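# Fold and contact review
Now for the letters of each chain:
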Amino acid sequence: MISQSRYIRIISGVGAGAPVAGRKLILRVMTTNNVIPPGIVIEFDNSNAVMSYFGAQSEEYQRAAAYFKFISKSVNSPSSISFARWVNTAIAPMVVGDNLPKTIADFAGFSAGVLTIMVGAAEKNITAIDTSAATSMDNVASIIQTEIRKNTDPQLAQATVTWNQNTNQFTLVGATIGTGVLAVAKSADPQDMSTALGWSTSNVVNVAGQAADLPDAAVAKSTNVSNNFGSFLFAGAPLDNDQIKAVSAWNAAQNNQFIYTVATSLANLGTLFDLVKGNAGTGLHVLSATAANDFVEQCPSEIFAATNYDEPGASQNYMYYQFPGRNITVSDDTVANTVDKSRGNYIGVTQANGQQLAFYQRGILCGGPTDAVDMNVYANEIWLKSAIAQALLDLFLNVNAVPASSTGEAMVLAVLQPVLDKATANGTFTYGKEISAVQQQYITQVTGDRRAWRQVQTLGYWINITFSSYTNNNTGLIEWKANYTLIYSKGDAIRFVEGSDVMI
Amino acid sequence: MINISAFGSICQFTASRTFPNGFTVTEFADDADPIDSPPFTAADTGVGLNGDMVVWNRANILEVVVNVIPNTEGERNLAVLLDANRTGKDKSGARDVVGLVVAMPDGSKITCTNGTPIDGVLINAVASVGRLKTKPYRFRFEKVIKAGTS
Amino acid sequence: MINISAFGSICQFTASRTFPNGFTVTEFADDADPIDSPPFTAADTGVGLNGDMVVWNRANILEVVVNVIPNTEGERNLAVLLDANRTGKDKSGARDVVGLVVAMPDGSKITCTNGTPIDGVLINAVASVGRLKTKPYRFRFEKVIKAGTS
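Residues numbered from 1 in each chain as written, not as in the entry; some residues may be left out. Chains lettered and ligands numbered in written order. Part of a larger assembly, values for the part shown. Heavy atoms only, no water.

Its PDB header names cryo-EM as the technique used to obtain the model and reports a resolution of 3.5 Å.

Here you go:
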């Protein structure tokens with residue numbers, strides 16, 4: 001008789017399935033493992049996904065993606081991550097294809113297979129690959145690569161096909177470093193393995209081989225892939241100090257859209273501070289010289305992906321948190337103070353009538369001249385630029401171009417202003433403030449009228465758009481562009497209490 | 001430019017639910033006031049026995065009345081917004097938040113937010129001669145902001 | 001056609017009990033407003049202590065006032081409908097539903113349904129010179145629907 005499960009399905013147990021996943025400004029990890037192709041970004045949404053795609057023992061799932069366990073101050077947890085490639089060495093061709101888990105049962109009739117390769121001028125006729133009786137995909141790979149190696153082309157001199165079971169991917173690398181413009185050609189038989197390997201469907205790009213672009217330009221390409229981020233870890237082996245300075249300086253020049261992190265152990269703080277002091281905002285943290293079971297720099301990376309920036313109650317001061325499963329890198333008063341004055345977030349320890357506490361002491365970034373110099377404040381600036389740019393992008397996708405006279409400012413301001421309402425009813429802005437002589441003069445002379453400093457003193461912001469005419473690289477026509485200036489009100493948050501108990 | 005003219009005005013509207021990245025209203029009425037606002041209160045005083053005045057800063061929300069020429073693109077959009085927000089029988093009303101930006105020709109801009117429609121005619125009334133009567137619409141916003149001078 | 005004329009308007013009335021497949025009114029008054037509607041409410045706001053604006057989307061029913069020329073076929077049918085609906089001594093009132101469709105010349109049509117007469121004069125008033133005074137009738141409808149653009 002027809003079962004009750006056809007109509008009502010009471011999935012008992014720990015069924016779960018919260019659809020409330022949606023907190024942007026996610027962590028990016030620039031890893032070195034060539035499991036990720038060098039030039040595309042995969043946005044994983046759970047530790048299970050990172051365990052599936054990436055290695056089960058790789059730091060990408062063990063060290064990273066254990067940040068999904070972070071419980072924020074209220075209830076929230078991060079729910080999305082992204083990864084990219086460092087581009088360690090000079091790039092050889094690494095043509096990667098078909099994450100689909102195709103099985104040998106599909107290729108169980110591919111005797112004397114024809115796997116043609118289109119290298120442009122070197123379109124080949126590689127055949128004689130027996131997969132009807134093979135020994136798993138990883139030794140189908142051997143037969144394939146040897147049949148490539150019969151052709152004495154310098155590129156296809158020692159071909160290398162790999163089968164990664166975690167991704168279930170067939171990756172044709174090849175031999176010739178320096179220039180790797182390759183592809184795969186399609187044949188016509190059951191024995192043919194061009195699209196059966198998924199090397200011609202859509203899951204190949206070329207992975208063209210270039211030279212190394214180690215510190216900076218790789219991150220620039222990664223950002224060009226996807227602007228959806230909030231902070232990039234740049235994990236793996238500790239980078240060189242000079243390339244670290246370059247990495248910090250590049251996206252100090254970017255200023256917007258990024259907080260970036262530097263992992264160094266103790267006694268590197270003075271030199272690193274001297275090289276990187278200033279340069280917008282970078283998170284320098286003291287690493288425990290004993291072990292590395294804590295991913296240290298994940299402290300900014302976790303909280304940032306748990307704020308949710310849509311419900312009132314954002315901002316967290318970024319200092320007094322209670323990160324578990326982490327090692328106490330600083331446990332002495334003199335050590336704590338010497339780490340300080342050189343920035344450095346030392347995740348220390350204390351005691352209070354017993355117990356031991358924890359803390360993620362200090363949230364100064366580096367800054368110093370005029371920057372946000374505070375992870376809370378810089379975090380809010382990041383998501384303000386994110387939301388405003390998204391609102392303008394939707395405005396322009398809806399209707400292209402704004403009449404740049406006086407109504408264009410009207411649509412621009414009217415689209416921007418709900419973002420400002422969210423900011424006011426999020427905790428990022430501040431109702432009050434006591435803009436004083438220096439701040440009064442500064443606000444007056446930046447762009448605002450004489451009586452604009454009043455508004456920031458009572459409301460929290462002053463936003464105005466003008467239009468400017470500029471010329472581009474090739475556009476002979478003088479183009480016009482918007483210019484919105486918005487005066488952030490900052491916002492303080494106490495971190496020290498001083499008492500004066502009298503009369504005992 | 002301290003000039004008293006306002007010919008050259010415009011009213012950008014955005015509704016979070018109904019008109020995200022909303023419309024333009026530029027066809028204001030000629031007989032009635034294009035943009036009008038009832039006087040704000042902002043305080044209230046009471047005199048004691050010996051003359052001690054007591055000042056109360058009552059929180060209040062400003063109001064705007066926009067008169068528009070009826071059966072027009074901006075006006076049709078306004079009527080659509082009001083009909084979406086209004087509540088009748090068997091229809092579902094979307095409680096949204098509207099934001100109105102006026103860019104007067106002298107350069108100054110006034111933006112008001114966290115508001116909602118408060119009135120409307122809902123039927124194109126016909127005047128005596130045959131002309132359509134200008135349709136007024138009233139909003140009550142929560143926050144007002146002045147940006148830009150001259 | 002975004003013009004401001006309304007000459008050529010028509011009022012198709014349908015009453016469920018009195019005039020099923022009802023009449024048409026075209027001889028509107030010249031001095032008073034042919035079609036008028038009081039301003040809808042559609043919402044109502046208050047303000048808290050710290051400035052929190054608070055909205056209620058109060059349900060409401062729209063109103064129409066039609067002025068018609070005395071002692072004409074359309075207004076005679078209107079007075080028949082109102083006398084059927086009105087309640088007096090020894091007479092039986094028919095509680096019916098009425099529907100008014102205005103087809104303004106420019107093309108748009110506004111149809112209001114689930115209504116009832118709300119006023120009337122019942123006696124042809126005489127003005128000073130001898131002209132009969134224009135008769136206004138008021139209805140309050142439940143559901144209004146706008147159909148057709150240009």
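### Side note on the sheet that holds strand 6 (residues 169-172) of chain A
Residue and element names in this part refer to chain A. Across the sheet, which stays open at both edges, the 3 strands sit in the order 4-6-5 with antiparallel pairing between neighbours. On the outer flanks of this sheet lie strand 4 (95-97) and strand 5 (161-164), each paired with one strand and no other. The sheet shows a mean angle of 20° between the axes of neighbouring strands, taken without regard to direction. Two strands pair when backbone bridges link them, and strand 5 and strand 6 are joined in this way by 4 bridges, in the antiparallel orientation. Within strand 6, the position partnered with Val 161 by the bridge is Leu 172. The strands that helix 2 (residues 136-150) touches are strand 5 and strand 6; relative to strand 5, the one it contacts most, it runs at about 170°. (Pairing = 2+ DSSP bridges. Helix = DSSP H or I, 4+ residues; strand = E, 2+ residues; numbered from the N terminus. Axes fitted to C-alpha atoms, helices over the stretch in contact; angles between N-to-C directions. Contact = heavy atoms within 4.5 Å.)

### Comments concerning empty space enclosed by the protein
All names here are of chain A. Counted according to the given criterion, the structure contains 1 cavity of 30 Å³ or more. For the largest cavity, the calculated volume is near 30 Å³. In terms of lining, the largest cavity is formed by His 285, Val 296, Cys 299, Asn 345, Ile 347 and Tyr 360. Class assignment for the residues of the lining of the largest cavity results in 4 nonpolar, 2 polar and no charged. (1 Å grid on protein atoms, 1.4 Å probe; cavity = no way out; pocket = protein on both sides within 12 Å on 5 of 7 lines; lining within 4 Å. Points joined across faces, edges and corners; volume = space filled by probe spheres on them. Nonpolar A, V, L, I, M, F, W, Y, C, P; charged D, E, K, R; others polar.)

### Quick look at the interface of chain C and chain B
On the chain B side, the residues contacting the 43 residues of chain C number 39 residues. Interface area, chain C with chain B, both sides summed: about 3,400 Å², of which 58% is carbon and sulfur. The partner of C:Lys143 in a salt bridge is B:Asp90, and the shortest N-O contact between them spans 4.0 Å. Inspection of the region where chain C meets chain B yields 14 residue pairs in polar contact. Its residues placed into classes, the side of chain C that touches chain B shows 23 nonpolar, 10 polar and 10 charged. (Buried area = accessible area lost by both parts, 1.4 Å probe. Salt bridge = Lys/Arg side-chain N within 4 Å of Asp/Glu carboxyl O. Polar contact = N/O pair within 3.5 Å; in protein donor to acceptor, adjacent residues only side chain to side chain.)

### Some details on the sheet that holds strand 6 (residues 62-68) of chain C
Residues and elements named next belong to chain C. Pairing is antiparallel in the open sheet, where 3 strands are placed in the order 3-6-9. Each of the sheet's edge strands pairs with one partner strand only, and the pair in question is strand 3 (35-36) and strand 9 (135-141). Of the strand pairs in this sheet, strand 3 and strand 6 are connected by 2 bridges, and their pairing is antiparallel. Looking at the pairing, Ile 35 lines up with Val 66 of strand 6. Sitting on the sheet, helix 1 (residues 73-85) is in contact with strand 6 and strand 9, with an inclination near 55° to strand 9.

### Quick word on the environment of A:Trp383
Residues and elements named next belong to chain A. Among the structural elements, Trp 383 can be located in helix 8 (residues 375-398). Of the residues examined, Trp 383 reaches a relative accessible area of 2% and is grouped as buried. Through-space distance from the C-alpha of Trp 383 to that of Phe 258 is 9.6 Å; in sequence the pair is 125 residues apart. For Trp 383, the residues in contact, after removing those within four places along its chain, are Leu 25, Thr 307, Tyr 309, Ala 314, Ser 315 and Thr 428. At 3.4 Å, the side chain of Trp 383 forms a polar contact with the backbone oxygen of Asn 380. (Buried < 20%, exposed > 50% of the residue type's maximum accessible area, 1.4 Å probe, protein only.)

### Thoughts on the interface of chain B and chain A
In this assembly, 19 residues from chain B lie in contact with 23 residues from chain A. Summed over both sides, the interface between chain B and chain A buries roughly 1,700 Å², with carbon and sulfur atoms accounting for 62% of that surface. Broken down residue by residue, the surface that chain B buries against chain A is led by B:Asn21, B:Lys109 and B:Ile145, which jointly contribute 32%. For the pair chain B and chain A, the interface holds 1 salt bridge. One salt bridge connects B:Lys109 with A:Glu409, and the closest N-O pair in it is separated by 3.1 Å. Listed by contribution, the elements that provide at least two residues to the side of chain B that touches chain A are strand 1 (11-15), strand 7 (98-103), strand 8 (109-115) and strand 10 (143-147) of chain B. Across the side of chain B that touches chain A, the residue classes break down as 7 nonpolar, 9 polar and 3 charged.

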